[PDB]
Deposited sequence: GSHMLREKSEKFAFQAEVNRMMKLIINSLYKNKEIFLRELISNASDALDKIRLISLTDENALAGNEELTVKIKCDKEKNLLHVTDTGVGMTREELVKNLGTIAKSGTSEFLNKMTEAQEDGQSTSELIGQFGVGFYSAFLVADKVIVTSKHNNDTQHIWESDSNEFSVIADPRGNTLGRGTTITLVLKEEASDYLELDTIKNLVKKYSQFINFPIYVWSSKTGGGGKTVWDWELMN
């Protein structure tokens, strides 16, 4: 259940963290962007697979803040990942050599990271820990967690609560506490969701005080 990252991934995390410390908010752009890719995938699969969406009919991204627990959640109903895919996709990597060289050489790298598709790791810019809960049509719900020094995968004792999809949960660093404020999240989400072809919601309040999903794009 306990694994170690591939060497090149440790290097990649360091390059990303060191070259973006000046524009941390980008982590949110990357999470929403990965959410959108996952949503496109299940959509492509639903063209050939008639049972594709049976686990969860919607195709959405739902963002929620939990100030009391110091948590930020970003949930999408994309294709999700199997246990083997969590271990492979997040703990290893496969023209990587050049990318690292370009990153190192460049060291703006915001565009580089997006183009290569390794934006997930920019989550370590604001999080002391990253948790990935996923449910893929071909497997049971699993959980991936990491503080960047190793990672582990376990079967989710809660069972299948996602239906289909992925939740990226971030345990925010103390200095990243500002991302727990609704005003800030709504503003960032709105900016980074303008060109995403799937509805994106943020759990927010409204005037008694009532909480409910608020469309951002």
{"query": "Missing CA stretches, deposited numbering from 1, N-terminus first", "finding": "1-9, 104-105, 119-122, 223-226"}
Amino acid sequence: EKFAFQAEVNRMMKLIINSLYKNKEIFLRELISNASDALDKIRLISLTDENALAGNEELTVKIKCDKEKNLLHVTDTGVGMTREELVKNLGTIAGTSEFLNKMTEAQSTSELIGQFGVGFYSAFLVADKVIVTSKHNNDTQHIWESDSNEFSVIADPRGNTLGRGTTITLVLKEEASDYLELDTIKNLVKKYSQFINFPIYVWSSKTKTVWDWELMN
From here on, numbers count along this sequence of modelled residues.
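Rigid core here is just the name for the largest C-alpha set that superposes within 1.5 Å across the two forms.
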property	result
Which of 168-176 and 22-30 strays further in 9 other deposited structures of this protein - Cα RMS after rigid core alignment	22-30
Outlying stretch relative to shown form, 129-137 versus 85-93 in 9 other deposited structures of this protein, C-alpha RMS (core)	85-93
Unresolved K102 in a third or more of other entries flanked by modelled residues	yes
Stretch with the higher entry mean CA B-factor, where the candidates are 143-151 and 95-103	95-103
Stretch with the higher entry mean CA B-factor, where the candidates are 109-117 and 122-130	109-117
C-alpha B-factor winner, where the candidates are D156, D37, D178, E30	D178
Cα B factor band for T169 (lowest, middle or highest third within the chain)	lowest
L53 - which third its CA temperature factor falls in, relative to the rest of the chain	highest
Third assignment of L182 from its chain's C-alpha B-factors	highest
